[PDB]
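Notes follow the structure.
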Protein chains: 2
Amino acid sequence: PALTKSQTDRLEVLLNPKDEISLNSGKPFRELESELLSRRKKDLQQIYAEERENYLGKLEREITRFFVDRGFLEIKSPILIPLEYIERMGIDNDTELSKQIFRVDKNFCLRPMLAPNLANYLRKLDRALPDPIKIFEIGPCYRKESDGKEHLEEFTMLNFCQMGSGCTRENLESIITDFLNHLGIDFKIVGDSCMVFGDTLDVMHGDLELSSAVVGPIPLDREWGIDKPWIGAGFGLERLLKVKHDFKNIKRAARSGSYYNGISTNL
Amino acid sequence: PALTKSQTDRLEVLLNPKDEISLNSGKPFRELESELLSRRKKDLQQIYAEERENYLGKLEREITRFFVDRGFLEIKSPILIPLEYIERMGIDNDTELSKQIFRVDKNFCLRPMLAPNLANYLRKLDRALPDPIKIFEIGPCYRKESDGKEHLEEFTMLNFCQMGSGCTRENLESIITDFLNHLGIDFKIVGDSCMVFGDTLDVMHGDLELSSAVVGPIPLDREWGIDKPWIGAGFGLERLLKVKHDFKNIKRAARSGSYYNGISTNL
Ligand SMILES: Nc1ncnc2c1ncn2[C@@H]1O[C@H](COP(=O)(O)OP(=O)(O)OP(=O)(O)O)[C@@H](O)[C@H]1O
Ligand SMILES: Nc1ncnc2c1ncn2[C@@H]1O[C@H](COP(=O)(O)OP(=O)(O)OP(=O)(O)O)[C@@H](O)[C@H]1O
Ligand SMILES: N[C@@H](CCCCNC(=O)OCc1ccc(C2(C(F)(F)F)N=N2)cc1)C(=O)O
Ligand SMILES: N[C@@H](CCCCNC(=O)OCc1ccc(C2(C(F)(F)F)N=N2)cc1)C(=O)O
Ligand SMILES: [K+]
Ligand SMILES: [K+]
Ligand SMILES: [K+]
Ligand SMILES: [K+]
Ligand SMILES: [Mg+2]
Ligand SMILES: [Mg+2]
Ligand SMILES: [Mg+2]
Ligand SMILES: [Mg+2]
Ligand SMILES: [Mg+2]
Ligand SMILES: [Mg+2]
């Protein structure tokens, strides 16, 4: 007998990349579902008995150690930000990226990226700290998105940046290379362009964009009081997890009540 | 000469608990400000040279290790949640706590607490994991608040909870005692009551409420599919930091562009 779309969808929820099971081999749905439920319960029990760390939390901690050890100051800045930051970032209020903003009340929004808060920290810290200024942040960011296998509306960004000396393309590429080598992720760099920053160095794993990176200065700097060379890159943590664990859909990696470390919680 | 309110406010921004300086000794504002600016620049330079970890991030990591090591599963659940969770939690839509909710779009809000997402995880995990189920989450929560020295609109909650065996008042108190002993924070337990959960065991450091804790079952359980004994407690991380560092105002501990590890970034 043949599987309905609802049945295939249920088996896909329970399937994991490490499995090799044919869903349409002719084996009945009831046996495929029971087999996968048993494998997933075993996987979750082993997590609970032996590791207990959340993939997103653990990856944030690993990345934090990497950057702290390399001289970058760990920032934790507001997630709920003034709506005025959007227009000030060059997100023209009828850009499709402008349509991606979650508004809160009348004058606030959920940050769609970490850059503006980090630009404010670079400016303020440069009055107190020796050259170069090196900072980074990891945390939640928010964008309205069309349904896709590589986009979440609530995701987790890493942005590291440096201002002052050493803010060259070669140093930016070297940091990205050291970082992704530390995580074991192969990549290439390709040129792209975006509305906020202009030309970017996009960090690609196959056709998947892991990061956009920028070498300043750029015209936007004046609007933020940035008056020195700078470099920076933003990475999505859920995309890194998707690569590391071979997930078919980024939802496996997200903050979710529906998956724990890529395992369905609907068991 | 005498200091204006604006001048005193500026010196208070630059003052730290470890200082002992009289602001109104007669020394001119210019010298008090220069002295404090020099101390704070030194403090920030030492952080940058030697530690580099954010107080909120570091405390989250320390708490995470404590609970993971004691058998609790680390959860990271959505911050942007359905507005329907508010009414379902017994937050009657004309309660003053209901007026504290940040709404997003028409059907979402920023979570004001971690409990609903954790209740969903307890229910789902109980179908797969052995008794007892032990989980915790640390992350941002959001409430509209009147200006006060102990409240932030964007704060960080820890909630740990357990369901099944061992869900007694004595075990809940023992976990709280082990936890606060680990952090070096003295406390007492006093009874209180709240609208969502009913009677609480409030964890007090002097007059400062560090946590509300609850021993279930409670009537709300049925609305969430919870059908076993449970215990749980919610703690504000910024309040823990305020105690640890003797901050006069909780803003020193918050996500902020205005303070880094309690040091003014306006230098
Ligand atoms: N909606 C999203 N969900 C998950 N990760 C995201 C999302 N948007 C951006 N990221 C991650 O943040 C990084 C930096 O953000 P950036 O603004 O460059 O994204 P982007 O160019 O809009 O990505 P895409 O072109 O894939 O939409 C991206 O390279 C990606 O890893
Ligand atoms: N606005 C806030 N800012 C900082 N921490 C908070 C805030 N609201 C709650 N917390 C922390 O979260 C814990 C659990 O939340 P709970 O709902 O019990 O707070 P609460 O009883 O409303 O606190 P309070 O009575 O001080 O307003 C509190 O004990 C406190 O440590
Ligand atoms: N999410 C991103 C990833 C690139 C990040 C690059 N920025 C960065 O690393 O932070 C340092 C920095 C410096 C200057 C600015 C800025 C402004 F505030 F306007 F944004 N121009 N002045 C901002 C951030 C993207 O959409 O490509
Ligand atoms: N912030 C809090 C701090 C007390 C937390 C206690 N809860 C907890 O630890 O999580 C476990 C849990 C179990 C059952 C429920 C629930 C519901 F979903 F409705 F909320 N009743 N079913 C919810 C959480 C407070 O305002 O007192
Ligand atoms: K496979
Ligand atoms: K690599
Ligand atoms: K003092
Ligand atoms: K104690
Ligand atoms: Mg995009
Ligand atoms: Mg892109
Ligand atoms: Mg990009
Ligand atoms: Mg309150
Ligand atoms: Mg209270
Ligand atoms: Mg309370």
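By order in the structure tokens, chains are A, B, ...; within a chain, residues start at 1; ligands start at 1, following the order shown.
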(request) Could you pull out the residues sitting within 10 Å of ligand 9, using only C-alpha atoms and all ligand atoms, and write them as a VMD selection string? (result) chain A and resid 96 to 97 100 112 143 to 146 150 to 152 194 209
(message) If we count only C-alpha atoms and set the cut-off at 10 Å, which residues sit around segment 114-129 of chain A, ignoring sequence neighbours fewer than 3 positions away in its own chain? Please answer as an MDAnalysis selection string.
(response) (chainID A and resid 75:79 81 85:86 88:89 111 132:141 156:164 221 224:228 230 232:234) or (chainID B and resid 37:38 40:49 256:258 260 264:267)
Where does chain B end up after superposition onto chain A over all in-order Cα pairs? Give it as an mmCIF file with C-alpha atoms, in the first residue's frame.
data_model
loop_
_atom_site.group_PDB
_atom_site.id
_atom_site.type_symbol
_atom_site.label_atom_id
_atom_site.label_comp_id
_atom_site.auth_asym_id
_atom_site.auth_seq_id
_atom_site.Cartn_x
_atom_site.Cartn_y
_atom_site.Cartn_z
ATOM 1 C CA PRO B 1 0.000 0.000 0.000
ATOM 2 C CA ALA B 2 1.071 3.597 -0.567
ATOM 3 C CA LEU B 3 1.806 6.306 2.004
ATOM 4 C CA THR B 4 -0.257 9.456 2.168
ATOM 5 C CA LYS B 5 1.350 12.876 2.379
ATOM 6 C CA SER B 6 0.387 13.050 6.068
ATOM 7 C CA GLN B 7 2.046 9.688 6.713
ATOM 8 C CA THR B 8 5.234 10.604 4.832
ATOM 9 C CA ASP B 9 5.347 13.932 6.733
ATOM 10 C CA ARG B 10 5.118 12.071 10.048
ATOM 11 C CA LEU B 11 7.917 9.683 9.115
ATOM 12 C CA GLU B 12 10.065 12.606 7.932
ATOM 13 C CA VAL B 13 9.615 14.262 11.345
ATOM 14 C CA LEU B 14 10.920 11.060 13.008
ATOM 15 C CA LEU B 15 13.709 10.371 10.515
ATOM 16 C CA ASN B 16 17.232 11.410 11.273
ATOM 17 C CA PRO B 17 20.180 11.884 8.874
ATOM 18 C CA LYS B 18 22.025 8.854 10.279
ATOM 19 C CA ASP B 19 19.125 6.542 9.408
ATOM 20 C CA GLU B 20 18.963 4.743 6.085
ATOM 21 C CA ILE B 21 15.343 3.575 5.787
ATOM 22 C CA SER B 22 13.232 3.512 2.630
ATOM 23 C CA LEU B 23 9.882 5.111 3.439
ATOM 24 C CA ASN B 24 8.167 3.742 0.306
ATOM 25 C CA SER B 25 9.634 0.231 0.267
ATOM 26 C CA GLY B 26 6.173 -1.285 0.827
ATOM 27 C CA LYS B 27 6.628 -1.792 4.560
ATOM 28 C CA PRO B 28 3.447 -0.540 6.268
ATOM 29 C CA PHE B 29 3.324 2.893 7.860
ATOM 30 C CA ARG B 30 2.668 1.368 11.285
ATOM 31 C CA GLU B 31 5.962 -0.534 11.275
ATOM 32 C CA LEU B 32 8.016 2.351 9.902
ATOM 33 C CA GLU B 33 6.551 4.674 12.503
ATOM 34 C CA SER B 34 7.141 2.193 15.358
ATOM 35 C CA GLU B 35 10.736 1.620 14.240
ATOM 36 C CA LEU B 36 11.504 5.338 14.053
ATOM 37 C CA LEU B 37 9.747 6.109 17.344
ATOM 38 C CA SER B 38 11.906 3.475 19.045
ATOM 39 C CA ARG B 39 15.127 4.872 17.555
ATOM 40 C CA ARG B 40 14.245 8.438 18.557
ATOM 41 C CA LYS B 41 13.237 7.505 22.113
ATOM 42 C CA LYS B 42 16.576 5.704 22.457
ATOM 43 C CA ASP B 43 18.410 8.782 21.125
ATOM 44 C CA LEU B 44 16.654 11.125 23.552
ATOM 45 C CA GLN B 45 17.210 8.788 26.498
ATOM 46 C CA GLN B 46 20.919 8.676 25.680
ATOM 47 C CA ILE B 47 21.067 12.486 25.544
ATOM 48 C CA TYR B 48 19.330 12.684 28.914
ATOM 49 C CA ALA B 49 21.572 10.068 30.518
ATOM 50 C CA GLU B 50 24.914 11.273 29.185
ATOM 51 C CA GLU B 51 25.248 14.762 27.743
ATOM 52 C CA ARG B 52 22.238 17.006 28.564
ATOM 53 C CA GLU B 53 23.490 20.100 26.718
ATOM 54 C CA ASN B 54 21.402 21.861 24.114
ATOM 55 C CA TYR B 55 23.036 22.092 20.678
ATOM 56 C CA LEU B 56 22.398 25.839 20.352
ATOM 57 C CA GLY B 57 23.623 26.571 23.879
ATOM 58 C CA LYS B 58 26.678 24.341 23.530
ATOM 59 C CA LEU B 59 27.645 25.886 20.197
ATOM 60 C CA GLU B 60 27.269 29.383 21.648
ATOM 61 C CA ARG B 61 29.589 28.392 24.534
ATOM 62 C CA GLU B 62 32.165 26.881 22.146
ATOM 63 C CA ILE B 63 32.139 29.965 19.922
ATOM 64 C CA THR B 64 32.342 32.247 22.988
ATOM 65 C CA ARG B 65 35.465 30.469 24.205
ATOM 66 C CA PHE B 66 37.069 30.711 20.743
ATOM 67 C CA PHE B 67 36.611 34.469 20.494
ATOM 68 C CA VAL B 68 37.358 35.305 24.142
ATOM 69 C CA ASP B 69 40.618 33.347 23.831
ATOM 70 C CA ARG B 70 41.534 35.359 20.721
ATOM 71 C CA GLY B 71 41.125 38.733 22.483
ATOM 72 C CA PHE B 72 37.526 39.660 21.647
ATOM 73 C CA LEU B 73 35.298 41.142 24.371
ATOM 74 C CA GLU B 74 32.010 39.240 24.890
ATOM 75 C CA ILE B 75 28.985 41.533 24.455
ATOM 76 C CA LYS B 76 25.366 40.927 25.463
ATOM 77 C CA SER B 77 23.260 43.825 24.153
ATOM 78 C CA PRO B 78 19.487 44.446 23.910
ATOM 79 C CA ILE B 79 17.322 42.251 21.689
ATOM 80 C CA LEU B 80 14.435 44.712 21.886
ATOM 81 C CA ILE B 81 15.829 47.819 20.148
ATOM 82 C CA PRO B 82 14.590 51.246 18.980
ATOM 83 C CA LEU B 83 12.807 51.141 15.641
ATOM 84 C CA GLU B 84 14.913 54.190 14.674
ATOM 85 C CA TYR B 85 17.884 51.851 14.253
ATOM 86 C CA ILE B 86 16.234 50.324 11.168
ATOM 87 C CA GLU B 87 16.059 53.498 9.068
ATOM 88 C CA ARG B 88 19.478 54.589 10.354
ATOM 89 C CA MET B 89 21.003 51.337 9.036
ATOM 90 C CA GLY B 90 19.983 52.148 5.462
ATOM 91 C CA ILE B 91 17.078 49.685 5.500
ATOM 92 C CA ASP B 92 14.852 51.925 3.388
ATOM 93 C CA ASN B 93 11.368 51.648 4.862
ATOM 94 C CA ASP B 94 9.969 50.011 1.660
ATOM 95 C CA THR B 95 12.839 47.571 1.215
ATOM 96 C CA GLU B 96 11.764 43.939 1.408
ATOM 97 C CA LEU B 97 14.196 43.617 4.324
ATOM 98 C CA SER B 98 12.257 46.462 5.953
ATOM 99 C CA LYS B 99 9.127 44.339 5.566
ATOM 100 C CA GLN B 100 10.990 41.620 7.486
ATOM 101 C CA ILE B 101 11.073 43.560 10.783
ATOM 102 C CA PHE B 102 8.965 42.461 13.780
ATOM 103 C CA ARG B 103 7.632 45.667 15.320
ATOM 104 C CA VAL B 104 7.037 45.983 19.062
ATOM 105 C CA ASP B 105 4.665 48.708 20.310
ATOM 106 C CA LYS B 106 5.161 51.865 18.209
ATOM 107 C CA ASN B 107 8.844 52.728 18.626
ATOM 108 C CA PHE B 108 10.627 49.381 19.143
ATOM 109 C CA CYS B 109 11.413 46.247 17.201
ATOM 110 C CA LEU B 110 13.136 42.944 17.572
ATOM 111 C CA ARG B 111 16.676 43.279 16.257
ATOM 112 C CA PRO B 112 17.121 41.666 12.793
ATOM 113 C CA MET B 113 20.914 41.677 13.229
ATOM 114 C CA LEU B 114 23.561 42.500 15.826
ATOM 115 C CA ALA B 115 25.466 45.163 13.834
ATOM 116 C CA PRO B 116 23.886 48.386 15.186
ATOM 117 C CA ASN B 117 24.424 47.512 18.841
ATOM 118 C CA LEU B 118 27.966 46.411 18.046
ATOM 119 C CA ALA B 119 28.652 49.654 16.145
ATOM 120 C CA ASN B 120 27.614 51.572 19.273
ATOM 121 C CA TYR B 121 29.954 49.463 21.415
ATOM 122 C CA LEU B 122 32.885 49.946 19.039
ATOM 123 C CA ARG B 123 32.411 53.727 19.164
ATOM 124 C CA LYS B 124 32.102 53.868 22.945
ATOM 125 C CA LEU B 125 34.863 51.377 23.736
ATOM 126 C CA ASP B 126 37.352 53.146 21.447
ATOM 127 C CA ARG B 127 37.344 56.010 23.996
ATOM 128 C CA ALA B 128 38.678 53.674 26.726
ATOM 129 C CA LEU B 129 40.406 50.624 25.243
ATOM 130 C CA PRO B 130 43.707 50.238 23.355
ATOM 131 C CA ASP B 131 43.825 49.669 19.614
ATOM 132 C CA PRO B 132 42.498 47.480 18.161
ATOM 133 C CA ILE B 133 38.999 47.109 19.563
ATOM 134 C CA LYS B 134 37.792 43.497 19.206
ATOM 135 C CA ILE B 135 34.270 42.497 20.281
ATOM 136 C CA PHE B 136 31.654 39.892 19.464
ATOM 137 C CA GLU B 137 28.091 38.967 20.352
ATOM 138 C CA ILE B 138 25.982 35.826 20.028
ATOM 139 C CA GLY B 139 22.248 35.952 20.451
ATOM 140 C CA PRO B 140 18.725 35.912 19.057
ATOM 141 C CA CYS B 141 17.737 37.907 15.966
ATOM 142 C CA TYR B 142 14.374 38.116 14.215
ATOM 143 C CA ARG B 143 13.205 38.445 10.605
ATOM 144 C CA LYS B 144 9.932 37.721 8.877
ATOM 145 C CA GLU B 145 10.772 35.155 6.218
ATOM 146 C CA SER B 146 9.095 33.057 3.582
ATOM 147 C CA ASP B 147 8.957 29.377 4.464
ATOM 148 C CA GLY B 148 12.254 27.778 3.544
ATOM 149 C CA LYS B 149 14.662 25.026 4.477
ATOM 150 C CA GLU B 150 17.402 27.560 5.379
ATOM 151 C CA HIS B 151 15.495 30.384 7.115
ATOM 152 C CA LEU B 152 13.985 30.793 10.562
ATOM 153 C CA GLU B 153 12.040 33.744 11.833
ATOM 154 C CA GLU B 154 13.819 33.447 15.225
ATOM 155 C CA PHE B 155 17.486 32.563 14.731
ATOM 156 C CA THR B 156 20.807 33.049 16.523
ATOM 157 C CA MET B 157 23.545 35.306 15.141
ATOM 158 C CA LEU B 158 27.263 35.501 15.898
ATOM 159 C CA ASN B 159 28.849 38.782 14.865
ATOM 160 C CA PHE B 160 32.489 39.461 15.560
ATOM 161 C CA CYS B 161 34.142 42.695 14.612
ATOM 162 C CA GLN B 162 37.317 44.699 14.999
ATOM 163 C CA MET B 163 38.087 48.398 14.640
ATOM 164 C CA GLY B 164 41.455 50.146 14.319
ATOM 165 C CA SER B 165 44.586 48.400 13.177
ATOM 166 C CA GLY B 166 44.502 45.022 11.503
ATOM 167 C CA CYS B 167 41.211 45.660 9.717
ATOM 168 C CA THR B 168 42.142 44.235 6.334
ATOM 169 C CA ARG B 169 40.524 41.714 4.022
ATOM 170 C CA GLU B 170 43.365 39.267 4.686
ATOM 171 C CA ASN B 171 42.930 39.409 8.451
ATOM 172 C CA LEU B 172 39.139 39.070 8.150
ATOM 173 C CA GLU B 173 39.571 36.000 5.922
ATOM 174 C CA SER B 174 42.156 34.582 8.335
ATOM 175 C CA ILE B 175 39.771 34.897 11.304
ATOM 176 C CA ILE B 176 36.957 33.244 9.327
ATOM 177 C CA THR B 177 39.330 30.462 8.268
ATOM 178 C CA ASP B 178 40.536 29.839 11.833
ATOM 179 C CA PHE B 179 36.944 29.896 13.111
ATOM 180 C CA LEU B 180 35.498 27.479 10.559
ATOM 181 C CA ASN B 181 38.555 25.223 10.812
ATOM 182 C CA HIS B 182 37.902 25.126 14.579
ATOM 183 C CA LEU B 183 34.342 23.935 13.853
ATOM 184 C CA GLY B 184 35.427 21.510 11.108
ATOM 185 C CA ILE B 185 33.351 23.169 8.362
ATOM 186 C CA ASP B 186 34.640 23.511 4.800
ATOM 187 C CA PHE B 187 33.846 26.716 2.936
ATOM 188 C CA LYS B 188 34.673 29.047 0.075
ATOM 189 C CA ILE B 189 34.435 32.839 -0.121
ATOM 190 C CA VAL B 190 32.359 34.439 -2.889
ATOM 191 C CA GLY B 191 31.580 38.083 -3.523
ATOM 192 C CA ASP B 192 28.023 39.310 -3.055
ATOM 193 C CA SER B 193 26.332 42.598 -2.240
ATOM 194 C CA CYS B 194 23.636 43.760 0.136
ATOM 195 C CA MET B 195 21.757 46.971 0.688
ATOM 196 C CA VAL B 196 23.030 47.812 4.175
ATOM 197 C CA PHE B 197 26.757 47.223 3.759
ATOM 198 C CA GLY B 198 27.421 47.085 0.009
ATOM 199 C CA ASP B 199 29.931 44.493 -1.171
ATOM 200 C CA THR B 200 30.188 41.452 1.069
ATOM 201 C CA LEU B 201 32.476 38.458 1.307
ATOM 202 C CA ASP B 202 29.959 35.654 1.599
ATOM 203 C CA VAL B 203 31.145 32.485 3.330
ATOM 204 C CA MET B 204 29.541 29.570 1.455
ATOM 205 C CA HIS B 205 29.276 25.886 2.276
ATOM 206 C CA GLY B 206 28.089 24.590 -1.077
ATOM 207 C CA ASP B 207 25.067 26.731 -1.912
ATOM 208 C CA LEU B 208 24.405 27.537 1.772
ATOM 209 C CA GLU B 209 25.382 31.030 2.952
ATOM 210 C CA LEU B 210 26.997 30.721 6.372
ATOM 211 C CA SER B 211 28.031 34.356 6.711
ATOM 212 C CA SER B 212 28.257 37.769 5.161
ATOM 213 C CA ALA B 213 31.462 39.640 6.066
ATOM 214 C CA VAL B 214 32.395 43.261 5.397
ATOM 215 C CA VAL B 215 35.614 45.262 5.192
ATOM 216 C CA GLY B 216 35.023 48.899 6.076
ATOM 217 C CA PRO B 217 35.007 51.807 5.918
ATOM 218 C CA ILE B 218 31.576 52.193 4.310
ATOM 219 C CA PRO B 219 29.437 55.330 3.913
ATOM 220 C CA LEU B 220 27.100 54.201 6.716
ATOM 221 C CA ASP B 221 29.935 54.671 9.253
ATOM 222 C CA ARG B 222 29.344 58.418 9.630
ATOM 223 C CA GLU B 223 25.738 57.850 10.713
ATOM 224 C CA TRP B 224 27.034 55.654 13.566
ATOM 225 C CA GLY B 225 30.051 57.728 14.614
ATOM 226 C CA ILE B 226 32.477 55.095 13.310
ATOM 227 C CA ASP B 227 35.579 56.845 12.036
ATOM 228 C CA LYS B 228 38.251 54.134 11.795
ATOM 229 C CA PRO B 229 38.843 51.051 9.632
ATOM 230 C CA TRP B 230 36.841 48.018 10.712
ATOM 231 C CA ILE B 231 36.016 44.461 9.726
ATOM 232 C CA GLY B 232 33.151 42.231 10.754
ATOM 233 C CA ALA B 233 31.191 39.106 9.944
ATOM 234 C CA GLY B 234 27.800 37.703 10.875
ATOM 235 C CA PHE B 235 27.090 33.948 11.038
ATOM 236 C CA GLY B 236 23.885 32.050 11.710
ATOM 237 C CA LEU B 237 24.368 29.398 14.395
ATOM 238 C CA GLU B 238 21.414 27.266 13.190
ATOM 239 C CA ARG B 239 22.999 27.161 9.722
ATOM 240 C CA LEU B 240 26.281 25.987 11.267
ATOM 241 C CA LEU B 241 24.338 23.262 13.123
ATOM 242 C CA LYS B 242 22.536 22.275 9.908
ATOM 243 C CA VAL B 243 25.912 21.669 8.248
ATOM 244 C CA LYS B 244 27.429 19.894 11.255
ATOM 245 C CA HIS B 245 24.522 17.481 11.674
ATOM 246 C CA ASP B 246 23.404 17.126 8.011
ATOM 247 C CA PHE B 247 19.865 18.308 8.815
ATOM 248 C CA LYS B 248 17.553 18.549 5.794
ATOM 249 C CA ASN B 249 15.677 21.464 7.346
ATOM 250 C CA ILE B 250 17.011 24.215 9.563
ATOM 251 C CA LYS B 251 13.994 23.794 11.867
ATOM 252 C CA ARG B 252 15.846 20.842 13.444
ATOM 253 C CA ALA B 253 18.371 23.325 14.799
ATOM 254 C CA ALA B 254 16.017 26.083 15.964
ATOM 255 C CA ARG B 255 14.646 27.132 19.305
ATOM 256 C CA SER B 256 11.644 24.955 19.297
ATOM 257 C CA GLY B 257 9.275 22.939 21.302
ATOM 258 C CA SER B 258 9.162 20.475 18.388
ATOM 259 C CA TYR B 259 12.796 19.265 18.249
ATOM 260 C CA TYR B 260 15.441 18.699 20.911
ATOM 261 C CA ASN B 261 18.933 18.463 19.438
ATOM 262 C CA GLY B 262 17.368 17.494 16.120
ATOM 263 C CA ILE B 263 15.137 14.782 17.651
ATOM 264 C CA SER B 264 11.383 15.116 17.414
ATOM 265 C CA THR B 265 9.716 15.834 20.762
ATOM 266 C CA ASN B 266 6.453 14.418 19.351
ATOM 267 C CA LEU B 267 7.047 10.843 20.502
#
(message) Which of segment 112-221 of chain B end up as strand (DSSP E or B) when DSSP is run on this backbone - answer as a PyMOL selection string?
(response) chain B and resi 133-142+154-163+188-194+198-205+208-215
